[PDB]
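Protein chains in written order, with UniProt numbering: chain D, 1 to 60; chain W, 3 to 23, 32 to 153; chain Y, 2 to 63; chain U, 2 to 263; chain S, 2 to 207.
Ideal Cβ positions, reconstructed from N, Cα and C, are used throughout, including at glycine.
Since the structure comes first, as structure tokens, the remarks are kept for the end.
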RNA sequence: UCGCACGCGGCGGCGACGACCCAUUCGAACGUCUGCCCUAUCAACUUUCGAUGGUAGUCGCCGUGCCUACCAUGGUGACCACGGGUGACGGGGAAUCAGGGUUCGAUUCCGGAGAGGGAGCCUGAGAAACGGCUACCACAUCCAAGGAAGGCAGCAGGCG
RNA sequence: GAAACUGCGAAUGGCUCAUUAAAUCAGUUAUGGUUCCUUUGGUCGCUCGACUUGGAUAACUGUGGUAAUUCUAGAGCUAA
């Protein structure tokens, strides 16, 4: 599950893949433009209010 | 006499409810030397398709024919006879075209066999495109 | 659509009878004495005379 | 079709342009303007085919955009401009001025007019229009919407407008005996005095025109254009002067011209 | 879609035409507007020539006219009572051209009480508490009173027109076509025109 | 709004573009009178599922049963109506004739219809456009089997 | 000066004659029963309250997906 992370206050963006499902319950079953805290995605990700914007399917 | 429908029929141009202390009937000339009938001016018929008390303009061709049917209301059927020349056999053939012509009720005494004079205008209906301009009396018929 | 003539026209008319002795005598006189090549141009001068004769005849009727 | 036409076949071109059919399949389609397609003559035809300055269509393209052609007071850079009747095409380079006048035949005649003649032209009005504030209007043959005209100008009179100011100078009353110019039909190109007016309500009125040589003829009023009062014209006249003397003596004049000079 | 074509139907003699082309764009027909009573909801639609037509769907007010006094005013429409074309346009209250509708009388009643300043409507027993029209009835200038007194020569009104002023509901006929221009203008029934539908409305009730 | 010279607190010359409206050009669209191959082993046809007219409206750029609601029973025909076939796109025209006629006109100009068969639509002033979309039908294509994508009766060219 | 936004054209032309028998079409007239691109000629300080307003976005940087489309998704921007 690739994650295209973008941080608008600096303008940088990179692709990072995540390989566990228990961290993805805070991303699954949610709609567009929601302010989501990324406190469970990793040790470096805490207090990170991330807005989800949607990407591409496995068929593109 | 009049006003036997659901709506109120009246002449649209005139106003008949001005402050007071007969009707100012609307009528117009038609042109081409045609004299407007006396009954249109003094009568109480009102009809939007009349060539004198209605909003129809006479243009184009002017034809004539003989009336054959009058069972239809406010419109009649006339007959026109003509001969078509065939170039092979130096003869002719009797051909007739029976179009539908609107009859304004200004012309009161119109009989089957009268030689009617019609005038082209805008299409009044699916087939009607001609309106009666004058009614010449049939040959003889003094009784 | 192209801009050209499309006008093909014969310059001669073949006789109605092909094999009569009288016509074969007359055109053979005209070929050898004046050095012609074939019966086609024999008919080709006759077709030009037919136009002039027909154009004159309609003027006499006028 | 599904819209307006944009091409024009060479076969479908009008006969008075006299364009040859062996050159191209197409014809120069005239652009829209103050004149109709059929009776106008495009600027490309007047230069390449009438005056023979230009050879090809690209050669016409360059000359018109050198800003050397001034049609009736305004420079137009379109090769297919609808130059109609008596458009004063003024050429500045050679000091030469052309006014499109009909010949004795149906063709436009190549008539050179004097520079002092180039300042005015005669326009036939069509209707007297009342503007939105009681403003009289006149609409000419080239669609010149002239507001505040002379009140005595009627439906079918002609006005001698002035080109540099866009305003009228005089006008000619439509009356019998005045000179005329037959603009259309079999009598196209005829000049003669008006002798009889026939009224036809509903139909088209026909006016009999007496020629200068006494060859009286008829023409409907829609193809009739007066040019002056009595026997005095208001413009210059080309050779032939619109007589249409019958073809028996163009045979005589053409034969006599060759044998006289030798 | 629904189209306006003459070649799809029979001849004059009764023969059946056979089509030689499919439906054209200039034969286009559109669904009806069928505007009702409500706040202004008008939809604009593009038509042939790049023009605009105003498809009204809910209308409340209209610039009806009272032609005897040469005055017109904007008043709110309340009810629809009669339509000559169909009876289902009365039950389903739909506004088209030539509809007999009901309107409030106060925009026209005040004009009688201002320009003429005489009691119309106003069933006897009650007097105006805002007192504005009472001020307008009196307190005229001496030189304009003679001109005011000549306004009473034509200050008479027909009883049938005065009768509907009593309840405040005036019968009026639609004159403008509503689904095209979007407006609902018209005029008030008067005299011979007014008494004709009163016979028909009574015949509707029975 | 943008570009060239610019001469005197601000005004001037040469333009392009832009729009509201009116005429003009240009189309498109309905009508008006006349004209069309054969067929009677096609003589009655049309209609309350509009057939022909009247009234009032809807819709339409507008005239109009175009459509709706209420009415009248009307309209065409032996002068061939209606219907069927057409190996029928129509005309200007072509061949052929002394005179008259016969046959042809898919074909360069004009006008109509279409893009495999229907149907519906977006934009645009103008399309029911298909070298534009939206679906069904028939044919056909790549596929990783998840999906995507096509219309040469346009010039060539290939099969039948 | 590539690109891209914008404007216009793309409804012209070309092919074919399947459908179609007062239908198309041909001659003649009408739109006073209508709509109009473009062009041309006219209008457009007339109305009684600024030395030029506003924020999006394409191109571009960069993250990418789908086997694949003239497929596009996200993040910073920047003009009419």
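Open item on the list: Given 7 Å as the limit, tell me if residue 31 of chain S has its C-beta closer than that to any heavy atom belonging to the ligand ADP.
Closed with: This structure simply doesn't include the ligand ADP, nor any ligand for that matter.
- [ ] Would you kindly check if the distance between the Cβ of residue 73 of chain U and the Cβ of residue 89 of chain U is under 8 Å?
- [x] yes
Task: Contact check, residue 231 of chain S vs residue 40 of chain S, beta carbons under 8 Å - done: Residue numbering for chain S in the displayed model covers 2 to 207; residue 231 of chain S lies beyond these limits and cannot be assessed.
Task: Reference residue 3 of chain U, options S/5, S/87, S/25, S/20, closest by Cα - done: S/25
Task: Reference residue 173 of chain S; option with closest CA among S/35, S/66, S/48 - done: S/66
Open item on the list: When you compare the CB positions of residue 77 of chain W and residue 88 of chain W, do they come within less than 8 Å of one another, or not?
Closed with: A contact, by the Cβ cut-off of 8 Å.
TODO: Would you tell me roughly how many angstroms separate the C-alpha atoms of residue 236 of chain U and residue 258 of chain U, rounded to the nearest one?
DONE: 28 Å
Task: Straight-line gap, residue 6 of chain Y to residue 12 of chain U (C-alpha atoms, nearest Å) - done: 12 Å
Task: Coarse secondary structure for residue 43 of chain U, derived from DSSP in three states - done: strand
Task: Sequence-distant residues of its chain with Cβ nearer than 8 Å to residue 38 of chain Y (five each side left out) - done: 32
Task: Opening and closing residue of the alpha helix (DSSP H) in which residue 213 of chain U lies - done: No alpha helix (DSSP H) holds residue 213 of chain U; DSSP gives it neither H nor E.
Task: Other residues of its chain near residue 196 of chain U: CB distance less than 8 Å, five sequence neighbours each side excluded - done: 177, 178, 209, 210, 211, 217
- [ ] Please classify residue 254 of chain U: does DSSP put it in a helix, a strand, or coil?
- [x] Helix at residue 254 of chain U.
Task: Assumed close pair residue 141 of chain W, residue 61 of chain W - CB separation to whole angstroms, cut-off 8 Å - done: 5 Å
Open item on the list: Output needed for residue 116 of chain W: all residues of its chain with C-beta closer than 7 Å, excluding positions within five of it in sequence on either side, in chain order.
Closed with: 47, 49, 50, 53, 55, 60, 62
- [ ] Quick one: give me the first and last residue of the beta strand (DSSP E) that residue 119 of chain W is part of.
- [x] Element bounds for residue 119 of chain W: n/a, residue is neither H nor E.
TODO: Return the CA-CA distance between residue 91 of chain W and residue 203 of chain U, expressed in angstroms with no decimal places.
DONE: 24 Å
Open item on the list: My assumption, with CB atoms under 8 Å, is that residue 48 of chain U sits in contact with residue 61 of chain U. Please give the rounded CB distance.
Closed with: 6 Å
TODO: Spell out the partners DSSP gives residue 180 of chain U in its beta bridges.
DONE: U/194, U/229
- [ ] Along the beta strand (DSSP E) that carries residue 74 of chain S, what are the first and last residues, could you check?
- [x] 72-84
- [ ] Kindly indicate which three-state DSSP category residue 15 of chain Y falls into: helix, strand or coil?
- [x] coil
Task: Cross-chain neighbours of residue 41 of chain W in chain U, by beta carbon under 9 Å - done: 202, 203
TODO: Would you list, in chain order, the members of the segment 24-35 of chain U that have their beta-carbon closer than 9 Å to a beta-carbon of chain Y?
DONE: Of all residues in the segment 24-35 of chain U, 24, 25, 26, 27 have a Cβ within less than 9 Å of some Cβ in chain Y.
TODO: Can you say whether residue 168 of chain S is buried or exposed, counting buried as having 16 or more other CB atoms within 10 angstroms of its CB?
DONE: exposed
Task: Limits of the alpha helix (DSSP H) - the one that residue 62 of chain U falls within - done: 58-65
TODO: For residue 18 of chain W, decide whether its Cβ has a neighbour in chain S, counting only Cβ atoms nearer than 8 Å.
DONE: yes
TODO: Go ahead and pull the three-state DSSP assignment for residue 48 of chain Y.
DONE: helix
Task: CB of residue 105 of chain S within 8 Å of CB of residue 74 of chain S, strictly - done: no
- [ ] Please decide whether residue 69 of chain S counts as near chain W, where near means a Cβ-Cβ distance under 8 Å.
- [x] Yes, residue 69 of chain S lies at the interface with chain W (some Cβ there is under 8 Å from its Cβ).
Open item on the list: Within 10 Å of its beta-carbon, does residue 82 of chain U have 16 or more other beta-carbons around it, so buried, or fewer, so exposed?
Closed with: buried
- [ ] Classify residue 198 of chain S as buried or exposed, calling it buried when 16 or more other Cβ atoms lie within 10 Å of its own Cβ.
- [x] buried
TODO: Kindly list, in the order they appear in chain U, the residues whose Cβ is closer than 8 Å to that of residue 56 of chain Y.
DONE: Residues of chain U passing the Cβ test: none, with the nearest at roughly 17 Å.
Open item on the list: Please tell me whether residue 8 of chain Y has its Cβ less than 8 Å away from any Cβ of chain U.
Closed with: It does not; no Cβ of chain U falls within 8 Å.
TODO: Give, in chain order, every unbroken run of the beta strand (DSSP E) that is at least 3 residues long and sits entirely within the segment 55-137 of chain W.
DONE: 72-79, 85-93, 104-107, 110-112, 125-130
Task: Alpha-carbon to alpha-carbon, residue 45 of chain S and residue 53 of chain D - done: 36 Å
TODO: Within 10 angstroms of the Cβ of residue 183 of chain S, are there 16 or more other Cβ atoms? Answer buried if so, exposed if not.
DONE: buried
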